[PDB]
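Below is one structure; the comments refer to it alone.
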Amino acid sequence: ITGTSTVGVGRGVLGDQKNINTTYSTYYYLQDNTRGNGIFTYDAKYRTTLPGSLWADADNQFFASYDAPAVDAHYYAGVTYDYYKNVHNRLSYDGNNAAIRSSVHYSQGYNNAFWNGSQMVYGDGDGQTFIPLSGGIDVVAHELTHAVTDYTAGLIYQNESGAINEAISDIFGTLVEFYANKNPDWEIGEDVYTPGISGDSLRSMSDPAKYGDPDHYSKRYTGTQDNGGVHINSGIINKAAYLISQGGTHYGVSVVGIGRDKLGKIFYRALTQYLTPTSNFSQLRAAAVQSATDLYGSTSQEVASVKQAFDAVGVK
Ligand SMILES: O=C(NO)[C@]12CC[C@H](CC1)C2
Ligand SMILES: [Ca+2]
Ligand SMILES: [Ca+2]
Ligand SMILES: [Ca+2]
Ligand SMILES: [Ca+2]
Ligand SMILES: [Zn+2]
C-alpha cells in the first residue's frame, strides 16, 4: 500500500522482542519499504486461500500471541534479504529486488512451511510436532532459498537434483542462522520442532544419521517416497558441505575445513553459475570444484577440501 515508512515493535514466537519495519496508512501494515521493492506479510486467518490480507495493526505494537508468527515471518525475511544482499550482492530472490510476500496462520494445526512458487506460507503447527514455523530463522531462509534456486539453477524437485535443491536450502538456511548469530548450529528446525523435547530437530547436517538420513552415497534412498528422497538424500550433500566448512574425518577420509564464509561463496557460485535443472550429485561435485577454482585457484586448499569432502561421502 501507499503510506509512510515506520518502525513497530513486537515479540516473536520464542518471546523475543524485536523492531520491525512497517508502513502507516490509517493502520500500521507489515510492509517493510527499506528492502528492495518491499517485504509484505499477510494473515491467512487459519484458511488456505492465499495470500490472505496484508497484516494491519491499529497501534504498531505486535505483542499479542496471534501476532508472533507474523513478527518473525516479517523480520526473518528481512534478515534473509540482508544476508543475500550483503554477503552475495544478490537483491532479493530474483536478483532484481522482487517483493517478498509471506502468509502466516495458514490452515489449522499445519505442521509445515513452504514457498509456493510466488510467496512464503507458514503453518502454526499443532503445538506438539511444531510451534509456528516462522519462529525458525533456518526454516524461513531454507524456504526463501528455494525461491533463489528456482530463479537460478532451477533444480527439479525429484531424485538427485531435488536432493541437491534441498541441501542448498539447508546450507543457506544454516548460513543465515549463523549470520544472525542467535544460537547457531548445523541442525534444521530446532527452534520450532517438538516444544516438549529438548535437543532434537528435523535434520542434522553435521551428522545426518542422527535422524536416520544417509551420510554416504552408498546409503542413498532409491525408492519413490518423498519425490525420490529429496529430504533424505540431502543428507549426503549436507554432510559434504559441513565437512567443507568445519572439516573432519568421515568413513576414513580426512577433510580440512575452510570455514562457513568460503563454503557460502563456493556453493553460491555453483548454484548461480554451474548447476542446471537436472544436475546430479556427480555434477554438483564438478560445479563445486569449478567454483572453488574460480575463486581460490586450481591448487588452493579450498579446491582440495571440496574434493576430499565429496570423496568422504562417496560422490565422484
Ligand atoms: O524440508 C523442508 N522444506 O522442503 C522444511 C520446510 C519447513 C520445515 C523445515 C524445513 C520442513
Ligand atoms: Ca497492536
Ligand atoms: Ca539454532
Ligand atoms: Ca538450525
Ligand atoms: Ca524440540
Ligand atoms: Zn525444502
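Take 1 as the starting number for the sequence shown in the authors' numbering and just add one per residue. Virtual Cβ for every residue (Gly too), placed ideally from N, Cα, C.
* Going by the beta-carbon positions, is the gap between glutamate 143 and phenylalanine 178 smaller than 7 Å? -> no
* **Completely contained alpha helix (DSSP H) runs for the segment 32-88, where each covers 4 or more residues** => 68-88
* To do: Kindly provide the chain-ordered list of residues whose Cβ lies closer than 5 Å to any non-hydrogen atom of ligand 5.
  => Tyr193, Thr194, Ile197 and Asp200
* To do: Within the segment 244-299, note down every full beta strand (DSSP E) run reaching 3 residues or more, in order along the chain.
  => 248-250 and 253-255
* To the nearest angstrom, report how far apart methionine 120 and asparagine 89 are at their CA atoms. => 22 Å
* Shortest alpha-carbon distance to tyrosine 151 belongs to which of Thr49, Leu275 and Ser201? -> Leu275
* Asked: Can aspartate 72 and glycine 12 be called in contact, C-beta distance under 7 Å?
  -> yes
* To do: Please go through the same chain and pick out, in chain order, the residues whose beta-carbon is closer than 8 Å to the beta-carbon of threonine 149, but skip the five residues on each side of it.
  => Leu155, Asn165, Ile168, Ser169 and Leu271
* Asked: Is any heavy atom in ligand 1 found nearer than 6 Å to the beta carbon of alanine 113?
  -> yes
* Do the CB positions of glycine 223 and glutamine 158 come within less than 7 Å of each other? -> no
* What is the DSSP secondary structure of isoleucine 1, counted as helix, strand or coil? -> coil
* To do: Output the residues surrounding ligand 6, defined as those with a CB atom closer than 6 Å to any ligand heavy atom, in chain order.
  => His142, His146, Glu166 and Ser169
* Check: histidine 105 C-beta below 6 Å from any heavy atom of ligand 1 -> no
* **Any non-hydrogen atom of ligand 2 closer than 6 Å to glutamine 31 Cβ** => no
* Asked: How about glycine 264 and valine 255: do their beta carbons lie closer than 7 Å?
  -> no
* Where the alpha helix (DSSP H) containing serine 161 begins and where it ends -> 159-180
* Asked: Cβ-heavy atom distance between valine 139 and ligand 1 below 6 Å?
  -> yes
* **C-alpha distance - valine 253 paired with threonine 48, whole-angstrom precision** => 48 Å
* residue 317 to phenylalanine 267, Cα distance in whole Å? -> Here the chain covers residues 1 to 316 and nothing more, so residue 317 does not appear.
* **Straight-line gap, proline 132 to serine 218 (C-alpha atoms, nearest Å)** => 36 Å
* **Reference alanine 44, options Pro208, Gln61 and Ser107, closest by Cα** => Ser107
* Okay, do the segment 56-70 and the segment 25-44 touch, 3+ Cβ pairs below 8 Å being the bar? -> yes
* Taking only heavy atoms of ligand 1 into account, decide whether any of them is closer than 6 Å to the Cβ of residue 329. => Because the chain here runs from 1 to 316, residue 329 falls outside it and cannot be looked at.
* **Which of helix, strand or coil DSSP assigns to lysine 18** => strand
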